[PDB]
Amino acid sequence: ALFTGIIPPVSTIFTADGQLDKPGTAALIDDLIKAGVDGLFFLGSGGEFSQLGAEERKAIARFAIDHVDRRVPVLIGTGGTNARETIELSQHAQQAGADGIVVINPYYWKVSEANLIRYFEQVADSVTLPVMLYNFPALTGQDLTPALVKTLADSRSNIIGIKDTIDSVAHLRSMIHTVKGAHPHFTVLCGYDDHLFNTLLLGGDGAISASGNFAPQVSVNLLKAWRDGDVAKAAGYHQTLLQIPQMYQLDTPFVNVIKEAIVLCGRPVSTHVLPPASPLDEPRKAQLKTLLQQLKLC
């Protein structure tokens, strides 16, 4: 089973003119590795993959992979709407030394099933890396159903997991039963902080979630506690993760909220975000603060 445990969708730190902030992004990466995370996921939703051009994503992936220097497994998110671009980026990910790619379904056209299976097969056939599907229906307008994920895992041996980004116990549970029942080492990670504990208890594999950026100790210690069999301690950490997603309500996109939380939790990085995200206002920054304080995270 590949890419299990706590794997944060790392934020891409930018300068004020919108270029990659190498020192900042590097410090972030080093904090998270130091925190004990089980991998790193660059150019996810929170990574602002969809506000970036192709060449920029290449640059960011290459840098990110380099700085990690194989200390933990790296995942590059290579998806989008342009299928050829997905292949290009996916192969580049491979050449640049990534351990795997994370591919979302195309999100402008909601593609026929035949075409969706065709698309995921083509991108899977373009690399020899393990490939993680990415479901996020709230944003895509098209759900990767458990049945269809099972069709994809049945078709290609390199389709070996999924980040399931949905506030739904039923989708997580059904994903686990349908897909892991057919493919026991196929990996199921939830996309939201408040579903980690549940995902574990359902027979799933972990979380890729935003709180990994500014508070990875909480998810890392939950996982460690669960693995040591100490469920009580694990549910205690869970109690914090249940509360954390209130902050994501402060803006849309909440990519700015995450960065501001990194700062407030002790890592001073530029919080610049790419449009059409925008700087979080001081009132809401302050409201974010009281929240992090309330939960004993700063």
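Position 1 is the first residue in the sequence shown; the rest follow in order.
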Comparing average C-alpha B factors as deposited, tell me which of 226 to 234 and 55 to 63 sits higher. 226 to 234
Can you tell me whether 99 to 107 has a higher mean C-alpha B factor than 178 to 186 in this record, or the other way round? 178 to 186
Name the one of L20, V10, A16, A277 with the greatest CA B-factor according to the PDB entry. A16
Grab the CA temperature factor for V255 from the record and place it in the lowest, middle or highest third of its chain. middle
How does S50 rank on Cα B-factor within its chain, lowest, middle or highest third? lowest
Sort the modelled residues of this chain by their C-alpha B factor and say whether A93 lands in the lowest, middle or highest third. middle
How does the C-alpha B factor of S168 compare with the rest of the chain: lowest, middle or highest third? lowest
On the chain's distribution of Cα B-factors, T81 falls within the third called lowest
